[PDB]
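A single chain, nothing else alongside it, follows as structure tokens in the form deposited in one PDB entry.
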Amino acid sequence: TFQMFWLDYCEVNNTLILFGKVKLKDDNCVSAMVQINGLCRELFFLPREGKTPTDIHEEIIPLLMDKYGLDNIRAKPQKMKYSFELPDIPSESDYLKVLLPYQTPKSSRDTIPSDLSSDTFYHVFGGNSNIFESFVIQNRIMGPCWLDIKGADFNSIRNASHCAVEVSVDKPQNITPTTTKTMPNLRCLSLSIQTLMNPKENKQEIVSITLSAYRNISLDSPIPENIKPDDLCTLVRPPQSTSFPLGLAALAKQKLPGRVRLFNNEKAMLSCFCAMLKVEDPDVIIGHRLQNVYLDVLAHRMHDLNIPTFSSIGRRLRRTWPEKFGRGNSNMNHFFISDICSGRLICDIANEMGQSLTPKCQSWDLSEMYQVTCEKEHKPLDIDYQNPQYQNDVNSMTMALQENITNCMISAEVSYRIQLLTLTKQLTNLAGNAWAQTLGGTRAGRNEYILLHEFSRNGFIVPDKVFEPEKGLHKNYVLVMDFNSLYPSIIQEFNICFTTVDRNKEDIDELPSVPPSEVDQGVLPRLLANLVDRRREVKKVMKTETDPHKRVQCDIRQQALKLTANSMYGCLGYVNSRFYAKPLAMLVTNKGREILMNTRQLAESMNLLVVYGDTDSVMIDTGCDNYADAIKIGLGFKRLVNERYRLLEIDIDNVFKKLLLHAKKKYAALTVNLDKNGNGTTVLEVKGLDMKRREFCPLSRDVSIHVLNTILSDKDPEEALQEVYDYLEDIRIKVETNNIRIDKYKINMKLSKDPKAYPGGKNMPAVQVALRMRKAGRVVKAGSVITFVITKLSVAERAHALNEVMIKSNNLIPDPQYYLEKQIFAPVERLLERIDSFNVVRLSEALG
């Protein structure tokens, strides 16, 4: 027998590889891979009126043996239920289950179409089945867990992976899941990458890399705060020259923690990186903005510099990159990188998943995340290796390397503090998908698997793959109430399911009816009910639980259950979902409208005013100027709603001391965050305003921020607006005299298309700046971000690349007219558009 706790997988040559950890005689855990052969697609042939599974068996099997070239094909009758959107297919029938291996001698890449109409059957399910999905469903594997693996061949596989152990199995049935709740220790490696931009080719090159190793991260117990690394090492190449100044190593050992290794070029550094990575052999790679920034760069540099050992970024061994790698397809390239990493979990704290756990963040900049989550201060150093100081200034280089090290250590500590690993693991076990997927931030991922496992276990055949805002300033405390669990409660209350709702599968636009009380509880609602109950048990345990450790763990558990339940709707509601059902989505939505309407009435019944509302949340003005009084109002509203809808549990999600609402998802506000000792603190929060777009410069953002701060202040409104005009006048003077850093005038704009391919590009400053670069010699293709400054004739014509403008000798000063008008005036005119005693004349005069 062979025991492995599996973490990740990858598909290759119609086989399935699992990467995981194995315990050794000395209880030591090492990496391992298991190649799984003998996997088959389960196809289900639906007999025609008056036919049997044997009628099919005789017909197609001989035909299948020929095409695919098999001696014998396992097939058997099996009674299955069908309750999805395909018309004319019956609720229940006898099907012919055919086990068609993925690996065939002939035409292994030719799939059987679903419309295979014969005189025996008329339909076939499981034709395009994915290999990982097949393994996981058939063996009932629910996310990362311990697996008992029998008949493991230790002499078949050689040099297939970067793992310590390589084995294979002849059949998937050799692998069975265990009940063990515990898991082995993980090997985490925090990465921090410092880059440099070459303006010639528009290529972000790597200057340094920090590697911090934490070889024993146990998710079965809380991770100690400010955990110390087992090893710290930094690799660095010279950003300008071919050699570092002498004595650099002596100063590094003196001032910098961990090992420091200096290289003569980027290629040698990255080769060393790959080798160190292979030896370290981490289970998890932690970082900040790895997924869509630094990981892409790293891969592309390894590609560019022809690094042969690049594949150690994952756990699968490859001699060559994918053929279509670097075809300029920023979309497909991402897939290739994720695939190459297979075997190592990417723990990005600043990705879609990570952001969700740090809602109190606004920018999600590393320093910001560290402050918010750990309540510790770090002043970010802006390192620009193009600066000449770095070539000969050993202390400058040392300061930059220290900055990189700090950032690496910060990324790891944050990832542990927000408990990203534990939560995503829980979510994976609940949905039964791949951990890798969860850590990524997909929507059709944990919502499709959770359903395939529930329905497959219950013998079902699965499918093949608002209130106008009250615009203005709100002086009284506004509470954001979260109705995330609106839909799940609706699906559970009315018993909405694919199995319970009689609907017209010909006309999906036809509204169906809720099932009668007589109908038994459906599959979907039963699953929902189970999740809700489990969540209840956890909270009950929390009231009693005394251990801070066990307590926190319980909090994570319930969060996972909540997120899983609140993601069930997307399954049937979002159009490109595997389980999409328009009649069911509509049915749920209308009940959601009734519930919300009554909700509005309830708020008004409490003399409250709904400032804004939608299916996700409803913001209510409490009419109070006190945190306490506002909270009492909010709790009364929560209770009131639950009495009307006992399965609908809303809660207070966000407290706004003040709220300037501008549009549906466009507002600024002062959120109140309570501390440990009850202490309350105010913080600015912005969504959707001009101050959040790329097209507005840091100066414009700075003006917007200060203006808001003063307006949402408690000081009298005329003094506030007067302070605003007095601020703008001063800014105006500073702009005209050009006494503001040029960096603050920079404007970014992404070109999804090629610079040349733009109809009205002759008016677009970004496009013009891009084209001038090609003529100048600089490289610029689709997917490029253009940074420019408008100079002092046409606006687009006066636009120039920031870096060009940065050279003080070019005599390119920013155009005051433009920045005061389009970057300072307009945005403020919108921010204060609906504020009492606001006068556009005062503003324009304080400007021009």
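Numbers follow the displayed sequence, beginning with 1. Definition used throughout: the rigid core is the maximal C-alpha set that superposes within 1.5 Å between two forms.
The same protein also exists as the form deposited in another entry; that form is not shown, yet it is the one meant from here on.
Only one of 278, 303, 171, 694 has its C-alpha shifted by 2 Å or more between the shown form and the other one once the core is superposed, and that residue is 694. Residue displacement note: residue 805 has its CA displaced by at least 2 Å between the shown form and the other one (rigid core superposed). Residue 667 shows a C-alpha shift of 2 Å or greater between the shown form and the other one [criterion: core-superposed Cα displacement of 2 Å]. The two forms, fitted on the rigid core, differ between the shown form and the other one by 2 Å or more at the CA of residue 51. Look at residue 770 and residue 297: in that other deposited form their Cα atoms move 3 Å or more farther apart than in this form. In that other deposited form, the CA atoms of residue 209 and residue 783 sit closer together than in the displayed form, by at least 3 angstroms.
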